[PDB]
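S.K.: Return a 3D structure for these sequence lines:
(one chain, ligands or ions: 1)
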Amino acid sequence: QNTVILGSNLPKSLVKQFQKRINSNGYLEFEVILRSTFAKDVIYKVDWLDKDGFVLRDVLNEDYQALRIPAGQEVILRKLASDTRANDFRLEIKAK
Ligand SMILES: [Br-]
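M.R.: Residues are numbered from 1 along each chain as shown. Below, you will see the structure:
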């Protein structure tokens, strides 16, 4: 919502659903399910958020990542925080 931010060249219905949980080591993991009628190459970026909703700026961040979404196949994007202070996330997705 304000959790997954899609660029103007992606369909609004790209994101099927998302969810998160804290795993049994104490780290937040999220799963975003994507699907598209046509094959699309996209580029995504993750921000981890703390208990107040502030960006955690002192954790190792991953660079922009490419992702291939095959035509009509469900794609499950799964990410795991590296810091226990992460309690939420923000995901940007744009067309390659
Ligand atoms: Br875009």
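
S.K.: so what's residue 32 up against?
M.R.: Counting by C-beta atoms under 8 Å, 6 or more residues apart in numbering, residue 32 makes contact with 4, 15, 17, 18, 76, 77, 91. Yep, even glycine has a C-beta here, placed from its N, CA and C like the rest.

S.K.: For these, which PyMOL command selects only the ones that are buried?
M.R.: Command for PyMOL, covering only those of those found buried under the criterion 16 or more other C-beta atoms under 10 Å:
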select buried, resi 4+15+18+77+91
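
S.K.: Residue 2 sits in which helix or strand?
M.R.: Taking DSSP states H and E as the definition, residue 2 sits outside all helices and strands.

S.K.: so how many other residues sit close to it?
M.R.: Using other C-beta atoms under 10 Å, residue 2 is surrounded by 6 other residues.

S.K.: Contact partners for it?
M.R.: Taking C-beta under 8 Å, 6+ apart, we find residue 2 in contact with residue 90.

S.K.: any idea how far it is from the ion?
M.R.: Taking C-beta to the ion, to the nearest Å as the measure, residue 2 and the ion are separated by 17 Å.

S.K.: How about residue 65?
M.R.: Using C-beta to the ion, we find residue 65 at a distance of 15 Å from the ion.

S.K.: Now that residue. Nearest residue, chain neighbours left out?
M.R.: Nearest non-adjacent residue to residue 65, counting by C-beta to C-beta, 6 or more residues apart in numbering: residue 44, 5.5 Å away.

S.K.: and the helix or strand containing the one you found, which residues are buried?
M.R.: Assigned by DSSP H and E, residue 44 belongs to strand 40-49. Buried residues in strand 40-49, counted by 16+ other C-beta under 10 Å: 40, 42, 44, 46, 47, 48, 49.

S.K.: List the strands paired with the helix or strand just after it, with their directions.
M.R.: From strand 40-49 onward toward the C-terminus, using DSSP H and E, the following helix or strand is strand 65-69. When pairing is defined by DSSP bridges, strand 65-69 lines up against strand 40-49 (antiparallel).
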